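Chemist: Dropping in my_file28.cif, which is mmCIF, C-alpha atoms:
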data_start
loop_
_atom_site.label_atom_id
_atom_site.label_comp_id
_atom_site.auth_asym_id
_atom_site.auth_seq_id
_atom_site.Cartn_x
_atom_site.Cartn_y
_atom_site.Cartn_z
CA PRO D 140 0.00 0.00 0.00
CA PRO D 141 2.85 2.58 0.50
CA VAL D 142 4.15 4.02 -2.87
CA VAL D 143 7.93 4.53 -3.44
CA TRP D 144 8.65 7.77 -5.33
CA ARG D 145 12.07 6.93 -6.86
CA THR D 146 12.17 10.39 -8.52
CA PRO D 147 10.41 13.05 -6.34
CA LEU D 148 7.07 14.64 -7.46
CA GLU D 149 8.67 18.10 -6.93
CA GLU D 150 11.50 17.49 -9.51
CA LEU D 151 9.04 16.04 -12.11
CA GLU D 152 8.99 17.15 -15.80
CA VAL D 153 7.15 16.24 -19.06
CA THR D 154 8.41 17.02 -22.60
CA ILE D 155 6.13 17.05 -25.74
CA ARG D 156 6.76 17.89 -29.46
CA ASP D 157 4.65 20.50 -31.31
CA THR D 158 3.14 18.32 -34.09
CA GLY D 159 3.27 20.90 -36.94
CA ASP D 160 3.94 24.54 -37.97
CA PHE D 161 2.38 27.06 -40.43
CA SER D 162 3.58 25.21 -43.61
CA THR D 163 2.03 21.93 -42.26
CA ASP D 164 -1.38 23.64 -41.54
CA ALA D 165 -1.39 25.43 -44.98
CA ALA D 166 -0.64 22.09 -46.71
CA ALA D 167 -3.52 20.48 -44.72
CA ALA D 168 -5.88 23.39 -45.56
CA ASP D 169 -4.89 23.00 -49.26
CA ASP D 170 -5.92 19.30 -48.96
CA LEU D 171 -9.29 20.27 -47.34
CA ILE D 172 -9.85 22.82 -50.20
CA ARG D 173 -9.16 19.99 -52.69
CA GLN D 174 -11.80 17.79 -50.96
CA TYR D 175 -14.39 20.65 -51.04
CA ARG D 176 -13.71 21.17 -54.79
CA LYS D 177 -13.97 17.35 -55.44
CA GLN D 178 -17.63 17.55 -54.20
CA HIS D 179 -18.04 19.81 -57.32
CA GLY D 180 -15.60 17.80 -59.52
CA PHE D 181 -16.02 16.16 -62.95
CA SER D 182 -15.79 12.32 -62.93
CA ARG D 183 -14.97 9.61 -65.60
CA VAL D 184 -14.65 5.78 -65.39
CA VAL D 185 -10.88 4.86 -65.46
CA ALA D 186 -9.66 2.56 -68.30
CA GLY D 187 -6.26 1.02 -69.25
CA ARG D 188 -4.84 1.84 -65.76
CA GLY D 189 -5.10 0.62 -62.15
CA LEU D 190 -6.14 2.48 -58.95
CA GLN D 191 -3.92 5.56 -58.10
CA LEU D 192 -4.04 8.25 -55.32
CA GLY D 193 -6.78 10.73 -56.46
CA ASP D 194 -9.27 8.06 -57.62
CA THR D 195 -12.60 7.18 -55.97
CA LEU D 196 -14.17 3.76 -56.30
CA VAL D 197 -16.94 1.30 -55.36
CA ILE D 198 -15.70 -1.94 -53.67
CA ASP D 199 -16.84 -5.00 -51.68
CA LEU D 200 -14.98 -4.54 -48.35
CA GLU D 201 -14.55 -7.19 -45.59
CA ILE D 202 -12.21 -6.37 -42.63
CA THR D 203 -11.56 -9.14 -40.02
CA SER D 204 -9.33 -9.52 -36.91
CA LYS D 205 -6.05 -11.42 -37.71
CA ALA D 206 -6.08 -13.06 -34.18
CA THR D 207 -9.78 -14.22 -34.10
CA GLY D 208 -11.07 -13.98 -37.75
CA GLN D 209 -14.01 -11.89 -36.32
CA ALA D 210 -15.56 -9.32 -38.76
CA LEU D 211 -15.21 -5.67 -37.52
CA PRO D 212 -18.81 -4.28 -37.56
CA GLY D 213 -19.29 -1.15 -39.74
CA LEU D 214 -16.64 -2.49 -42.17
CA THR D 215 -18.45 -5.21 -44.21
CA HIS D 216 -20.23 -3.66 -47.27
CA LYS D 217 -21.16 -4.82 -50.84
CA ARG D 218 -21.17 -1.40 -52.61
CA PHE D 219 -19.03 0.83 -50.31
CA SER D 220 -18.25 4.21 -52.02
CA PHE D 221 -14.76 5.42 -51.10
CA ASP D 222 -12.34 8.28 -51.89
CA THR D 223 -8.57 7.34 -51.82
CA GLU D 224 -7.99 11.02 -50.68
CA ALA D 225 -10.34 10.86 -47.59
CA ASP D 226 -9.24 7.40 -46.37
CA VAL D 227 -10.02 6.95 -42.61
CA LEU D 228 -9.01 3.21 -42.93
CA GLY D 229 -5.51 3.27 -44.61
CA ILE D 230 -6.70 0.62 -47.18
CA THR D 231 -5.34 2.73 -50.13
CA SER D 232 -1.59 1.64 -50.08
CA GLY D 233 -2.62 -2.06 -50.36
CA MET D 234 -5.08 -1.49 -53.27
CA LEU D 235 -2.95 0.63 -55.73
CA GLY D 236 -2.88 -1.01 -59.20
CA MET D 237 -6.24 -2.81 -58.82
CA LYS D 238 -8.71 -2.67 -61.75
CA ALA D 239 -12.46 -3.26 -62.04
CA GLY D 240 -13.09 -7.01 -61.36
CA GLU D 241 -9.83 -7.76 -59.40
CA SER D 242 -9.84 -9.05 -55.74
CA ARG D 243 -7.16 -8.80 -52.98
CA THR D 244 -6.64 -10.03 -49.39
CA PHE D 245 -3.80 -8.22 -47.51
CA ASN D 246 -2.66 -7.58 -43.93
CA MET D 247 -2.80 -4.18 -42.22
CA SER D 248 -2.77 -2.46 -38.82
CA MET D 249 -5.99 -0.48 -38.28
CA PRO D 250 -4.95 3.21 -37.69
CA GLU D 251 -3.76 4.29 -34.16
CA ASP D 252 -6.24 7.27 -34.19
CA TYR D 253 -9.31 5.37 -35.49
CA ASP D 254 -12.54 6.92 -34.04
CA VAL D 255 -13.74 3.49 -32.73
CA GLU D 256 -11.17 3.15 -29.85
CA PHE D 257 -11.70 -0.69 -29.70
CA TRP D 258 -9.87 -1.21 -33.04
CA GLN D 259 -6.87 1.17 -32.70
CA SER D 260 -3.59 -0.47 -33.94
CA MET D 261 -5.31 -3.90 -34.32
CA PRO D 262 -3.75 -6.29 -36.93
CA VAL D 263 -6.45 -6.94 -39.47
CA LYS D 264 -6.97 -8.77 -42.81
CA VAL D 265 -8.73 -6.76 -45.56
CA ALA D 266 -10.57 -8.54 -48.42
CA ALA D 267 -11.59 -6.02 -51.17
CA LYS D 268 -13.22 -6.57 -54.63
CA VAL D 269 -13.24 -3.38 -56.88
CA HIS D 270 -16.58 -3.00 -58.85
CA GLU D 271 -15.55 0.36 -60.46
CA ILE D 272 -12.90 3.19 -60.37
CA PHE D 273 -13.37 6.93 -61.10
CA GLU D 274 -10.99 9.86 -61.76
CA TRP D 275 -11.66 13.57 -61.43
CA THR D 276 -10.74 17.06 -62.67
CA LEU D 277 -11.43 19.84 -60.12
CA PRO D 278 -12.73 23.39 -60.82
CA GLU D 279 -9.94 26.05 -60.32
CA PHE D 280 -9.74 27.59 -56.80
CA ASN D 281 -10.40 31.39 -57.02
CA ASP D 282 -12.96 33.96 -55.69
CA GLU D 283 -15.53 33.05 -58.41
CA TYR D 284 -15.55 29.37 -57.29
CA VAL D 285 -15.86 30.46 -53.58
CA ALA D 286 -18.79 32.87 -54.38
CA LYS D 287 -20.65 30.31 -56.59
CA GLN D 288 -20.11 27.16 -54.39
CA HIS D 289 -19.64 28.12 -50.66
CA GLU D 290 -21.41 31.57 -50.62
CA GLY D 291 -22.41 33.00 -47.20
CA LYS D 292 -19.57 31.06 -45.46
CA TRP D 293 -16.51 32.89 -46.98
CA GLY D 294 -16.22 36.08 -49.10
CA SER D 295 -12.94 35.08 -50.87
CA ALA D 296 -10.50 32.24 -51.72
CA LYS D 297 -8.13 33.91 -49.18
CA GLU D 298 -10.87 33.91 -46.45
CA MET D 299 -11.52 30.15 -46.93
CA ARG D 300 -7.83 29.17 -46.80
CA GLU D 301 -7.31 31.31 -43.63
CA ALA D 302 -10.48 29.75 -42.04
CA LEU D 303 -9.25 26.20 -42.80
CA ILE D 304 -5.65 26.98 -41.59
CA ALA D 305 -7.03 28.39 -38.29
CA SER D 306 -9.26 25.26 -37.82
CA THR D 307 -6.30 22.90 -38.49
CA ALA D 308 -4.09 24.86 -36.04
CA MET D 309 -6.91 24.85 -33.42
CA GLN D 310 -6.97 21.01 -33.77
CA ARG D 311 -3.17 20.72 -33.15
CA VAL D 312 -3.76 22.80 -29.90
CA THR D 313 -6.36 20.33 -28.46
CA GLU D 314 -4.36 17.25 -29.71
CA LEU D 315 -1.35 18.77 -27.79
CA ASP D 316 -3.40 19.28 -24.59
CA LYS D 317 -4.20 15.50 -24.89
CA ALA D 318 -0.45 14.56 -25.38
CA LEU D 319 0.25 16.59 -22.18
CA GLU D 320 -2.29 14.46 -20.18
CA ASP D 321 -0.58 11.32 -21.66
CA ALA D 322 3.02 12.60 -20.99
CA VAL D 323 2.09 13.71 -17.39
CA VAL D 324 0.57 10.20 -16.85
CA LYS D 325 3.68 8.46 -18.34
CA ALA D 326 5.88 10.83 -16.18
CA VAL D 327 4.36 9.67 -12.80
CA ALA D 328 4.32 5.97 -14.01
CA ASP D 329 8.10 6.23 -14.88
CA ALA D 330 9.02 8.08 -11.59
CA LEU D 331 8.01 5.10 -9.33
CA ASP D 332 10.01 2.27 -7.69
CA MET D 333 7.76 -0.75 -8.49
CA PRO D 334 9.71 -3.53 -10.29
CA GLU D 335 6.40 -5.54 -10.55
CA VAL D 336 2.91 -3.92 -10.86
CA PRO D 337 0.16 -5.91 -8.92
CA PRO D 338 -1.09 -8.24 -11.72
CA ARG D 339 -4.86 -8.67 -10.88
CA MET D 340 -4.95 -4.83 -10.97
CA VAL D 341 -3.67 -4.90 -14.63
CA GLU D 342 -6.35 -7.61 -15.62
CA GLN D 343 -9.16 -5.80 -13.70
CA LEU D 344 -8.35 -2.52 -15.57
CA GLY D 345 -7.92 -4.35 -18.90
CA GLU D 346 -11.45 -5.81 -18.36
CA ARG D 347 -13.05 -2.41 -17.44
CA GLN D 348 -11.41 -0.70 -20.53
CA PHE D 349 -12.56 -3.66 -22.70
CA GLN D 350 -16.20 -3.12 -21.54
CA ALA D 351 -16.05 0.73 -21.77
CA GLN D 352 -14.99 0.43 -25.49
CA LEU D 353 -17.67 -2.22 -26.39
CA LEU D 354 -20.20 0.22 -24.82
CA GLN D 355 -18.84 3.24 -26.76
CA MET D 356 -19.45 1.07 -29.87
CA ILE D 357 -23.13 0.30 -29.08
CA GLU D 358 -23.96 3.94 -28.01
CA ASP D 359 -22.14 5.44 -31.07
CA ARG D 360 -24.19 3.02 -33.30
CA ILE D 361 -20.92 1.85 -35.02
CA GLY D 362 -22.38 -1.60 -35.83
CA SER D 363 -25.44 -3.60 -34.62
CA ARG D 364 -25.79 -4.26 -30.86
CA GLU D 365 -25.98 -8.03 -31.66
CA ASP D 366 -22.75 -7.82 -33.77
CA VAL D 367 -20.83 -5.77 -31.10
CA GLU D 368 -21.92 -8.32 -28.41
CA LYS D 369 -20.56 -11.10 -30.76
CA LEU D 370 -17.04 -9.56 -30.26
CA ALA D 371 -17.53 -9.76 -26.46
CA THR D 372 -15.66 -13.15 -26.41
CA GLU D 373 -13.01 -14.35 -23.89
CA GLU D 374 -10.58 -14.75 -26.88
CA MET D 375 -11.09 -11.11 -28.00
CA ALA D 376 -10.84 -9.89 -24.32
CA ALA D 377 -7.54 -11.88 -23.83
CA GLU D 378 -6.06 -10.38 -27.08
CA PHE D 379 -7.06 -6.78 -26.11
CA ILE D 380 -5.52 -7.05 -22.58
CA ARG D 381 -2.22 -8.60 -23.83
CA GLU D 382 -1.62 -6.11 -26.73
CA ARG D 383 -1.75 -3.24 -24.11
CA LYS D 384 0.02 -4.86 -21.12
CA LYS D 385 2.68 -2.04 -20.92
CA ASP D 386 0.02 0.75 -21.30
CA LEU D 387 -2.20 -0.98 -18.65
CA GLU D 388 0.72 -1.33 -16.08
CA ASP D 389 1.73 2.38 -16.54
CA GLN D 390 -2.02 3.20 -15.98
CA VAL D 391 -2.15 1.10 -12.72
CA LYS D 392 1.13 2.68 -11.37
CA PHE D 393 -0.51 6.07 -12.05
CA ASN D 394 -3.77 5.02 -10.26
CA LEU D 395 -1.69 3.88 -7.18
CA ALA D 396 0.40 7.13 -7.44
CA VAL D 397 -2.97 9.07 -7.65
CA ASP D 398 -3.96 7.45 -4.28
CA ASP D 399 -0.64 8.69 -2.74
CA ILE D 400 -0.86 12.29 -4.11
CA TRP D 401 -4.52 12.52 -2.88
CA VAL D 402 -3.36 12.24 0.79
CA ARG D 403 0.02 14.06 0.38
CA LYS D 404 -1.56 17.19 -1.26
CA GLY D 405 -4.73 16.98 0.94
CA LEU D 406 -7.13 17.00 -2.09
CA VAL D 407 -10.92 16.57 -1.36
CA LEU D 408 -13.49 14.63 -3.53
CA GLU D 409 -16.55 16.83 -4.30
CA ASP D 410 -19.67 14.55 -3.93
CA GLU D 411 -21.41 16.56 -6.74
CA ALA D 412 -18.50 15.53 -9.08
CA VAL D 413 -18.87 11.81 -8.11
CA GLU D 414 -22.72 11.92 -8.59
CA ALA D 415 -22.25 13.67 -12.04
CA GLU D 416 -19.84 10.89 -13.21
CA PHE D 417 -22.03 8.08 -11.66
CA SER D 418 -25.34 9.23 -13.30
CA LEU D 419 -23.43 9.57 -16.64
CA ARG D 420 -22.16 5.94 -16.20
CA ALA D 421 -25.67 4.75 -15.13
CA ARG D 422 -27.45 6.34 -18.19
CA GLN D 423 -24.98 4.46 -20.50
CA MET D 424 -25.59 1.13 -18.69
CA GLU D 425 -29.43 1.64 -19.00
CA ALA D 426 -29.46 2.63 -22.73
CA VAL D 427 -27.55 -0.67 -23.42
CA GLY D 428 -29.92 -2.46 -20.92
CA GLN D 429 -27.28 -4.10 -18.63
CA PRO D 430 -27.17 -4.56 -14.81
CA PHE D 431 -24.28 -3.49 -12.51
CA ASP D 432 -23.18 -3.59 -8.84
CA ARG D 433 -23.84 -0.01 -7.49
CA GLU D 434 -20.90 -0.14 -4.98
CA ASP D 435 -18.37 -1.50 -7.58
CA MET D 436 -19.42 1.24 -10.06
CA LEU D 437 -18.91 3.73 -7.20
CA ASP D 438 -15.29 2.56 -6.51
CA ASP D 439 -14.68 2.99 -10.32
CA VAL D 440 -16.47 6.44 -10.59
CA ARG D 441 -14.30 7.62 -7.63
CA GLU D 442 -11.09 6.28 -9.30
CA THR D 443 -11.99 8.29 -12.50
CA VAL D 444 -12.83 11.64 -10.71
CA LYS D 445 -9.58 11.59 -8.65
CA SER D 446 -7.53 10.79 -11.79
CA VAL D 447 -9.23 13.83 -13.50
CA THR D 448 -8.33 16.12 -10.46
CA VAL D 449 -4.62 14.96 -10.09
CA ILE D 450 -4.11 15.31 -13.92
CA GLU D 451 -5.48 18.93 -13.69
CA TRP D 452 -3.12 19.62 -10.70
CA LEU D 453 -0.01 18.08 -12.44
CA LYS D 454 -0.90 20.09 -15.60
CA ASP D 455 -0.50 23.39 -13.67
CA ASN D 456 2.46 22.49 -11.37
CA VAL D 457 4.73 20.07 -13.29
CA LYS D 458 7.71 21.42 -15.27
CA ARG D 459 6.70 21.68 -18.99
CA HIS D 460 9.29 21.51 -21.80
CA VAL D 461 7.60 21.90 -25.27
CA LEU D 462 10.15 20.99 -28.06
CA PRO D 463 9.36 22.49 -31.53
CA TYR D 464 8.36 20.69 -34.81
CA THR D 465 11.14 19.88 -37.36
CA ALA D 466 10.91 18.42 -40.95
#
When written as C-alpha cells, how does the structure in this file appear?
Modeler:
Amino acid sequence: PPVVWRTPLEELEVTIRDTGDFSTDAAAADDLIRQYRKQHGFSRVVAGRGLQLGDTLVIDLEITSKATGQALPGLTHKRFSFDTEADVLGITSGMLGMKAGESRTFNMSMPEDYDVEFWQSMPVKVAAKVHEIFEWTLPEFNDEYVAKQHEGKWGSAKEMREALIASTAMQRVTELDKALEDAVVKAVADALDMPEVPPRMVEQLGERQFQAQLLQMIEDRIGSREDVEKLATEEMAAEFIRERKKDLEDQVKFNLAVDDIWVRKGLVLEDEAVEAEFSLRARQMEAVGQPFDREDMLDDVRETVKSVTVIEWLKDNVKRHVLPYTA
C-alpha cells in the first residue's frame, strides 16, 4: 500500500513535441480545399490503368481480426463508395494497381487514431473486390468558385484558406493538450520504484477498458448491438488485454500514485463531481440495458474523478518543456 517515489514529485517534468507549424497547416488546408472542390468535380470511369491516389471507387470490403477472424462491424459492405484522398481506414496503399473485377486479401494495422477506440492499432486482414474506379478534374480555386459554391460562409479564396488553416491549427492545440495528459501520466508511471505492478490490478483494468470500449461502440451506433456483443468473447478480451500490457501497467502505477498524491496534497473529492460521473455511467448502462453492482461502479467512478483532479493539478504544477516541430 505505500508508494515509493524513486524520482520526487517536486522534480518532475514532461516534454512534448509540437506536431506541426504554419507550412504543415497550410498544406492540410490546401488538402481540405481539394476535398471541397472534389464535391463539385467532374468524374470519368478509369480505363487502361489501375487504382492511383486521387481516384474514388466502389468496392466489396470485408475487414476481419487477424487473431480471431471476427468481422469488424461497420466495415463489411457490398457497394461501399470510397475516396482514396479521404481514407479513414488506410486501405489505399494495399489497393494501388487494382482494376475493375480484381480481388485482394492483404494484412494491415488499423490506424492508431481510429474513431472506434476498440480497433486502434489492431492487426487486421482486408478482403476487397473493386466494382468500379473513377478519376476527377477539379474546378480552379479562385474567388468566383468560392462565391458560386460556398457563398455565405466565406467572401474570398483567401478567407476560406485562412479559415481552414485556423481550424487545423486549433486542432493541433487540443491534440497537444491531450499529449500533455498522456506525458504527465507516463511521467508519474516512470518516476516510481515498483519492479512488478500488482497483476490482478492490470487484468481488472484491462477488463473495465474492454467493456467501456464495447459500450462506446453500441452507443455510437458503429455496428449492430448483436454484432458488437458477438465480439464480447473471452478470446477477444484476452487479445485486447495482452496487446496493451505495458500501457495498462503504466495506468495502474498512475492510479496507485494518484492514491498517494490525494493524501500528500490533501485533495478533497466533491460529492457533486462523483454523482455527475455516476449518473453519466448509469445512463450508458441503461441505454444498453445491462445490470451493474452499485458499490463497484462507485469505486470505479471515484477512481476516475480523482484521476481527473490529479491530472489537472499536475498540468498546472509540473515542469513543462515543449520541443518544436522539425521536418
Chemist: Between D:427, D:394, D:347, D:233, single out the one closest to residue D:360, counting all atoms listed in the file.
Modeler: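 Ranked by minimum distance to residue D:360, first place goes to D:427.
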Chemist: Please identify every residue of stretch 249-342 of chain D that has at least one atom no farther than 7 Å from an atom of stretch 140-153 of chain D, counting all atoms listed in the file, and for each give the shortest atom pair and the distance in Å to one decimal, arranged by chain then increasing number, as a tab-separated table.
Modeler:
residue	atom	partner	partner_atom	distance
D:322	CA	D:153	CA	5.8
D:323	CA	D:153	CA	5.9
D:326	CA	D:153	CA	6.3
D:330	CA	D:146	CA	5.0
D:331	CA	D:144	CA	4.9
D:332	CA	D:145	CA	5.2
Chemist: Give me the residues within 9 Å of residue D:407 as an mmCIF file with C-alpha atoms, in the frame of the given file, counting all atoms listed in the file and dropping any in the same chain fewer than 5 places off.
Modeler:
data_model
loop_
_atom_site.group_PDB
_atom_site.id
_atom_site.type_symbol
_atom_site.label_atom_id
_atom_site.label_comp_id
_atom_site.auth_asym_id
_atom_site.auth_seq_id
_atom_site.Cartn_x
_atom_site.Cartn_y
_atom_site.Cartn_z
ATOM 1 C CA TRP D 401 -4.520 12.520 -2.880
ATOM 2 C CA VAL D 402 -3.360 12.240 0.790
ATOM 3 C CA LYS D 445 -9.580 11.590 -8.650
#
Chemist: Check the smallest atom-to-atom distance from each of D:158, D:204, D:446, D:372 to residue D:395 using all atoms listed in the file, then report the winner.
Modeler: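 Answer, going by the shortest atom-to-atom distance: D:446.
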Chemist: So how far away is atom CA of residue D:254 from atom CA of residue D:165, in Å?
Modeler: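 For atom CA of residue D:165 relative to atom CA of residue D:254, the distance reads 24.2 Å.
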Chemist: Record the distance separating atom CA of residue D:325 and atom CA of residue D:389, expressed in Å with one decimal.
Modeler: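 Between these atoms lies a distance of 6.6 Å.
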Chemist: Please enumerate the residues selected by the PyMOL selection byres ((chain D and resi 218-228) around 6) when evaluated against the supplied file, formatted as a ChimeraX atom specification.
Modeler: /D:192-199,216-217,229-231
Chemist: Grab the atom CA of residue D:329 to atom CA of residue D:342 distance for me, in Å with one decimal place.
Modeler: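 Answer for the atom CA of residue D:329 to atom CA of residue D:342 separation: 20.0 Å.
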Chemist: Selected by the PyMOL selection byres ((chain D and resi 311) around 12) in the shown coordinates: which residues, as a ChimeraX atom specification?
Modeler: /D:156-161,163-164,167,304-310,312-318,464
Chemist: Write out as JSON, numbers by chain each polymer residue whose atoms come within 12 Å of residue D:279, counting only C-alpha atoms; drop sequence neighbours fewer than 4 positions from it.
Modeler: {"D": [172, 173, 175, 176, 177, 179, 180, 181, 283, 284, 285, 288, 296]}
Chemist: With 5 Å of padding per side, what axis-aligned box (centre and edge lengths, Å, one decimal) covers all the listed atoms of stretch 260-278 of chain D? Give it as lines of an AutoDock Vina configuration file.
Modeler:
center_x = -10.1
center_y = 7.3
center_z = -48.3
size_x = 23.0
size_y = 42.2
size_z = 38.7
Chemist: Tell me which protein, DNA and RNA residues are within 8 Å of residue D:336, counting only C-alpha atoms, leaving out same-chain ones fewer than 4 positions away, and put them as a JSON list (two decimals) with C-alpha atoms, in the frame of the given file.
Modeler:
[["chain", "number", "residue", "atom", "x", "y", "z"],
["D", 340, "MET", "CA", -4.95, -4.83, -10.97],
["D", 341, "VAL", "CA", -3.67, -4.90, -14.63],
["D", 388, "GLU", "CA", 0.72, -1.33, -16.08],
["D", 391, "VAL", "CA", -2.15, 1.10, -12.72],
["D", 392, "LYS", "CA", 1.13, 2.68, -11.37]]
Chemist: Can you list every residue of stretch 380-408 of chain D that has an atom at most 12 Å from stretch 261-270 of chain D, with its nearest atom pair and the distance in Å to one decimal, using all atoms listed in the file, ordered by chain then number, as CSV?
Modeler:
residue,atom,partner,partner_atom,distance
D:381,CA,D:261,CA,11.9
D:382,CA,D:261,CA,8.7
D:383,CA,D:261,CA,10.8
